[PDB]
Structures are given as C-alpha cells and as structure tokens.
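This report concerns only the one structure given below.
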Amino acid sequence: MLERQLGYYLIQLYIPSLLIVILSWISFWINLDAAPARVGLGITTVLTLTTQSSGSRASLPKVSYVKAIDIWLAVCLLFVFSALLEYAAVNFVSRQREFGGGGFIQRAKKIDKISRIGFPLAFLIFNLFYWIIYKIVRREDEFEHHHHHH
C-alpha cells in the first residue's frame with residue numbers, strides 16, 4: 001500500500017520528460033532530416049521511460065493507475081497531433097509528390113515556421129504541466145504534505 005508515494009517519482013521524472021518534449025520541435029526544425037539523430041534519441045528516451053514507469057506500478061496499480069490513464073491518454077496523442085498535421089500538410093500541398101517533386105530542392109529554405117507555432121505551443125504546455133503538477137499534489141496529494149499548501 002504505497003502508491004500515493006509514487007507521484008513523487010512521477011513529478012521529478014515529468015520535469016525532464018516535459019522539457020525534452022518542448023525541445024523536440026525546437027530542434028525538429030533542423031532534425032527533420034538534417035540531423036534527426038537528436039530527434040530519434042529523445043523520442044526513444046520518452047517512450048522508454050513511460051513504458052518502464054509502469055514497472056513500479058505493480059505494487060498496487062489502482063490509485064496511480066487511474067490518474068496515470070488521465071495523463072497517458074492525451075500526451076501521446078497531443079504530441080503526435082501537432083506533428084501529424086505538419087507531416088500531412090507538406091504531403092497535402094500537391095497531393096501527389098510523385099507527379100512533380102523536383103521543386104522540393106528549393107524547399108530546404110524553410111522560414112522555421114515550426115518555431116512560430118511552437119513558441120506559443122511550447123510555453124502553453126510548460127505552464128500547463130507546471131500549474132497542474134504543483135496543483136495536483138495539493139488537490140489530490142494534500143494528505144502527502146503537511147504545512148506546504150502546494
């Protein structure tokens with residue numbers, strides 16, 4: 001009966017897991033092909049830390065199991081959502097690159113638009129998980145703290 005003490009490891013583990021996510025796009029501007037090595041390494045570190053995180057949840061996956069489903073069923077979709085619209089936009093441009101893909105050579109000169117939409121999208125997420133993490137521990141894990149409100 002030590003599931004309420006798991007959130008502590010999820011809080012300190014979420015900090016870095018959330019930071020690496022923001023850098024994903026910020027670095028995807030060039031890692032999109034120029035150097036995806038950084039995108040393939042960080043993406044494997046997040047999926048590996050999430051699949052293994054369920055290892056310590058064998059004690060009693062009831063309280064944290066449900067709370068983990070509310071966060072595990074939105075992140076993977078939200079991250080792949082904004083990334084799916086971009087990978088589908090460039091392909092929807094002509095709807096048939098097989099017809100005339102010779103004009104892609106002049107596409108390497110991107111305006112880094114990924115940063116334009118990623119700026120407000122990254123700040124919103126960082127503040128969305130920071131205000132929800134320091135709040136959840138209070139309006140859910142209050143019994144864990146003593147004097148500290150947050």
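We label chains A, B, ... in the order they appear in the structure tokens, count residues from 1 in each chain, and number ligands from 1 in the order shown.
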
So that I can check the surroundings of residue 72 of chain A, please list as a VMD selection string every protein, DNA and RNA residue that reaches within 10 Å of it, counting only C-alpha atoms and ignoring chain neighbours fewer than 6 positions away.
chain A and resid 50 65 to 66

Among the residues of segment 19-141 of chain A, find those DSSP assigns to helix (DSSP H, G or I) from the backbone and print them as a PyMOL selection string.
chain A and resi 19-31+37-52+56-58+63-72+75-92+102-107+113-136

Written file, previous selection with C-alpha atoms, as a compact mmCIF listing (two decimals), in the first residue's frame:
# COMPACT_ATOMS: atom_id res chain seq x y z
CA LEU A 19 11.40 19.68 -21.16
CA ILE A 20 12.70 17.21 -23.75
CA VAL A 21 9.30 17.41 -25.44
CA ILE A 22 9.48 21.17 -25.98
CA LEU A 23 12.98 20.84 -27.45
CA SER A 24 11.62 18.18 -29.80
CA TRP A 25 10.03 20.73 -32.13
CA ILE A 26 12.53 23.49 -31.39
CA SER A 27 15.17 21.05 -32.63
CA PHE A 28 12.95 19.39 -35.23
CA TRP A 29 13.36 22.49 -37.39
CA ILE A 30 16.68 21.01 -38.48
CA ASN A 31 16.46 17.46 -37.13
CA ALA A 37 19.72 11.75 -34.68
CA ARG A 38 18.71 14.15 -31.91
CA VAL A 39 15.00 13.60 -32.58
CA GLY A 40 15.31 9.82 -32.66
CA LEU A 41 17.27 9.73 -29.41
CA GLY A 42 14.95 11.95 -27.39
CA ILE A 43 11.84 10.24 -28.74
CA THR A 44 13.19 6.86 -27.64
CA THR A 45 14.03 8.17 -24.17
CA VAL A 46 10.46 9.34 -23.58
CA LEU A 47 8.78 6.16 -24.80
CA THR A 48 11.25 4.06 -22.82
CA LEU A 49 10.75 5.98 -19.58
CA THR A 50 6.97 5.75 -19.94
CA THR A 51 6.82 2.03 -20.72
CA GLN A 52 9.13 1.27 -17.80
CA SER A 56 6.98 0.19 -10.17
CA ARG A 57 3.21 0.34 -10.57
CA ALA A 58 2.98 -3.40 -9.91
CA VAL A 63 -4.90 4.96 -7.35
CA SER A 64 -1.99 5.87 -9.62
CA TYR A 65 -3.28 3.57 -12.36
CA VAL A 66 -6.39 5.69 -12.91
CA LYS A 67 -4.57 9.00 -12.50
CA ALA A 68 -1.93 7.75 -14.93
CA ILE A 69 -4.58 6.95 -17.55
CA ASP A 70 -5.88 10.52 -17.48
CA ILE A 71 -2.40 11.74 -18.40
CA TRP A 72 -1.29 8.80 -20.55
CA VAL A 75 0.01 13.36 -24.18
CA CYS A 76 0.98 10.73 -26.75
CA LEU A 77 -1.99 11.94 -28.80
CA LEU A 78 -1.33 15.65 -28.30
CA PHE A 79 2.34 15.26 -29.22
CA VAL A 80 1.50 13.21 -32.32
CA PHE A 81 -1.43 15.50 -33.10
CA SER A 82 0.53 18.67 -33.87
CA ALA A 83 3.21 16.53 -35.51
CA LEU A 84 0.65 14.73 -37.68
CA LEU A 85 -0.81 17.97 -39.05
CA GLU A 86 2.65 19.05 -40.21
CA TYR A 87 3.61 15.70 -41.74
CA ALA A 88 0.26 15.72 -43.53
CA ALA A 89 0.37 19.35 -44.64
CA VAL A 90 3.54 19.07 -46.73
CA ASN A 91 2.09 15.96 -48.37
CA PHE A 92 -1.26 17.65 -48.99
CA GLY A 102 11.58 18.29 -58.49
CA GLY A 103 10.62 21.60 -56.93
CA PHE A 104 11.37 20.33 -53.43
CA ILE A 105 15.05 21.25 -53.76
CA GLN A 106 14.03 24.86 -53.12
CA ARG A 107 12.05 23.78 -50.06
CA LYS A 113 7.67 28.28 -39.06
CA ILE A 114 7.91 25.38 -36.62
CA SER A 115 9.21 27.92 -34.11
CA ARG A 116 6.40 30.38 -34.83
CA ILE A 117 3.64 27.97 -33.78
CA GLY A 118 5.93 26.04 -31.45
CA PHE A 119 6.67 29.16 -29.41
CA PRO A 120 3.13 29.70 -28.07
CA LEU A 121 2.53 25.94 -28.07
CA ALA A 122 5.65 25.23 -26.01
CA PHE A 123 5.01 27.97 -23.46
CA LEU A 124 1.41 26.83 -23.02
CA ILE A 125 2.46 23.24 -22.35
CA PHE A 126 5.30 24.15 -19.98
CA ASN A 127 2.83 26.25 -17.97
CA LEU A 128 0.08 23.66 -18.41
CA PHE A 129 2.12 20.92 -16.72
CA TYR A 130 3.78 23.25 -14.21
CA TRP A 131 0.49 24.62 -12.89
CA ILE A 132 -1.12 21.18 -12.94
CA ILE A 133 1.78 19.41 -11.25
CA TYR A 134 2.16 21.85 -8.36
CA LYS A 135 -1.63 21.92 -8.05
CA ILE A 136 -2.50 18.23 -8.31

So how far away is atom CA of residue 18 of chain A from atom CA of residue 147 of chain A, in Å?
27.5 Å

Grab the atom CA of residue 10 of chain A to atom CA of residue 144 of chain A distance for me, in Å with one decimal place.
14.2 Å

Could you tell me how far atom CA of residue 145 of chain A lies from atom CA of residue 60 of chain A, in Å and to one decimal?
21.1 Å
